[PDB]
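Take a look at this one chain, the form deposited without the ligand, written out in structure tokens.
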């Protein structure tokens, strides 16, 4: 079975597309080499299709079935709720793509009669029609990155596939509770999205330490969605089916599984049939959960086949990292060879062969890695970092062009503890906000795939709640880590780290002599920039009325929104 079949019609864009970074009178303050930044467009959709299109051979053995059951027994433990039309409407983001039936996200969240009437029929249809493939739209995703060291090396557009708005709301009523609860229940501490960065770190380390002689690695499959089979999707459904569900929920899931999740026809923006999918759809509510479960299921089985000792995994979508007891170098190399031979068999071959690692700071996953620093008292603190090239490039692009979702904000949140996050991002953006007094204007950013509405003035609280205070006092980052950041600044033409020490004192000052919420931002966010450092006390309101539901589950491509946590 082929992951895709193409009729020749083009993946077309729904609007015009900006691909280059125009000469900015403020972004150059950030990055000077504009020709290094680029956003993906329809033009490269075909290169993507070729990467994404191939036959799938899958062989399932005893360990796989053994693991399936263990997972199912756990899922058996869950009672999932049917979400009401209203609840699901609220979960829809304000700029979620509009329906082909004459209403948009706004209409849906406002509970328009037209919108709710269509949703109801889409739901009724889920109960009356058990087999007709549901229409999906295929588009090229616009994403900004830095040119490849191979000079002019570019990533082709990634393809996004999703059903009409109406179906999406139905998916929510039918599966939102499930997709928010089953992953943990089934994978325990192995489910990654349940952890804030601070927790993901605690869990990696306490695990690494828990080993007499630790050996670890990260695994990532070559274009995972395409590797997901119809079989894999039905197994996924067998897992969902073990929950106690309402009758209509149970049929909605069952119908959604055959009509949408296993495959369906592909339609472009001009309304033409581009082909057919027989693999995971990037834009359905189940794709995060589905991928984690499938990833976890295959990997657990692979461990037992490769006979790895005391394996402990952490899974996020298709992002896998396993920490086991080293059984000797030579030994370890053969185990990963086997592990991979098994993953490949289960229909999930690697992008790059996994390398056994013996230094936790050396294992990278989710595009991130753990690093060490020291706090106020110099007590070796641990945190999560990542190469800053893509983040800095995106910050650049978001500066020259108001985009709907502001990744820089998100990166500050998740990476607040980091060197680059504090010294460049925090500095750059707080002066831009200062200038236009956009401190109060809330922005949309996403975490683990769900879009969140956030007020910059609340970063101290948020940062404090998530990383602790050490996030405001880390000071002796690793050589390795500092070298990476500097090397990257050179690559992008971003002014060296010390140039930023300067900029911050200013911004901060212009933030202390501002009072209120703005002022606090000034005291806590740039304490690394002032000569005369003060002693930061736990923020009152922060570790208080600060909302949650933030690190419960992944919703990438799931059309999820929350306007909580100020």
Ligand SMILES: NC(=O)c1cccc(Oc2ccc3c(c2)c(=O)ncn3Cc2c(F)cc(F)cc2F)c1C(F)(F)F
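So that the term is clear: the rigid core is the largest set of C-alpha atoms that superpose within 1.5 Å between two forms. Numbering follows the first chain given and starts at 1. Residues that one form lacks are left out of the comparison.
Note that the form deposited with the ligand bound isn't included here; everything after this is about it.
Peer 1: Go ahead and superimpose the pocket C-alphas, place the ligand as found in the deposited bound form, and count ligand atoms within 2.4 angstroms of backbone or C-beta atoms: 3 or more is blocked, zero is open.
Peer 2: Answer blocked: 3 or more ligand atoms come within 2.4 Å of backbone or C-beta.
Peer 1: 298, 277, 168, 422: which sits within 4.5 Å of the ligand in the deposited bound form by any heavy atom?
Peer 2: Contact residue from the list: 422.
Peer 1: Work out which of 102, 404, 496, 378 lies within 4.5 Å of the ligand in the deposited bound form, going by heavy atoms.
Peer 2: Of the candidates 102, 404, 496, 378, 496 is the one lying within 4.5 Å of the ligand in the deposited bound form.
Peer 1: Of these, 336-344, 478-486, 178-186, 113-121, which stretch puts a heavy atom within 4.5 angstroms of the ligand in the deposited bound form?
Peer 2: Single hit among the candidates: 478-486.
Peer 1: Please run the contact check for residue 474 against the ligand in the deposited bound form: heavy atoms, 4.5 angstroms, yes or no?
Peer 2: Yes, residue 474 lies within 4.5 Å of the ligand in the deposited bound form.
Peer 1: Indicate whether the ligand has at least one heavy atom within 4.5 Å of a heavy atom of residue 64 in the deposited bound form.
Peer 2: No - in the deposited bound form, heavy atoms of residue 64 and the ligand never come within 4.5 Å of each other.
Peer 1: Would you say residue 547 moves between the shown form and the other one, meaning its CA shifts by 2 Å or more once the core is fitted?
Peer 2: Yes; residue 547 is a residue whose C-alpha shifts (by 2 Å or more) between the shown form and the other one when the cores are overlaid.
Peer 1: If the C-alpha spacing of residue 546 and residue 515 moves by 3 Å or more in the deposited bound form, is that a move closer or farther apart?
Peer 2: Relative to the displayed form, residue 546 and residue 515 move farther apart in the deposited bound form - a change of at least 3 Å between their C-alphas.
Peer 1: If I superpose on the rigid core and flag every C-alpha moving 2 Å or more, which consecutive runs of 3+ residues come out between the shown form and the other one, in sequence order?
Peer 2: Residues 545-548 form the sole shifted run.
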